[PDB]
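Accompanying notes for the structure given below.
Protein chains in written order, with the authors' numbering: chain G, 466 to 517; chain E, 466 to 517.
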């Protein structure tokens, strides 16, 4: 949408409402365009209550 | 061992590898040469994870 386009543009990343991006996701997982994965998932830490 | 003697001499406590020290451990109640004892044995503390 337009708001995302404006926010991207103001962040020195160029993208216009008339632009399009074309991609191909490969079949074999060994060779791919973009690789994503989790090394260590989110771990919570609850610190004890402090003075004040 | 010789290495300990070398370390001692390095830190300004003169003790050659040739030197020998003699001592007498007393047994009478009121008299003694070297006194040792623990007033409070070592106590462990564990702190939880800081906000850092």
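Cβ atoms here follow ideal geometry from the backbone N, Cα and C, with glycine treated the same way.
Among 492/G, 474/G and 490/G, the one whose alpha carbon lies nearest that of residue 484/G: 474/G
Are the CB atoms of residue 490/G and residue 502/G within a distance shorter than 8 Å? no
Leaving out five residues before and five after residue 472/G in sequence, what residues of the same chain have Cβ atoms less than 8 Å from its Cβ? none
Which chain E residues sit within Cβ distance under 9 Å of residue 513/G? 513
In whole angstroms, give me the CA-to-CA distance for residue 500/G and residue 514/E. 33 Å
Is DSSP giving residue 470/G helix, strand or coil here? helix
In three-state terms, what does DSSP make of residue 515/G? coil
So residue 480/G contacts chain E; which residues on that side make the cut at Cβ distance below 7 Å? Result: empty, since nearest Cβ-Cβ is about 38 Å, beyond 7 Å.
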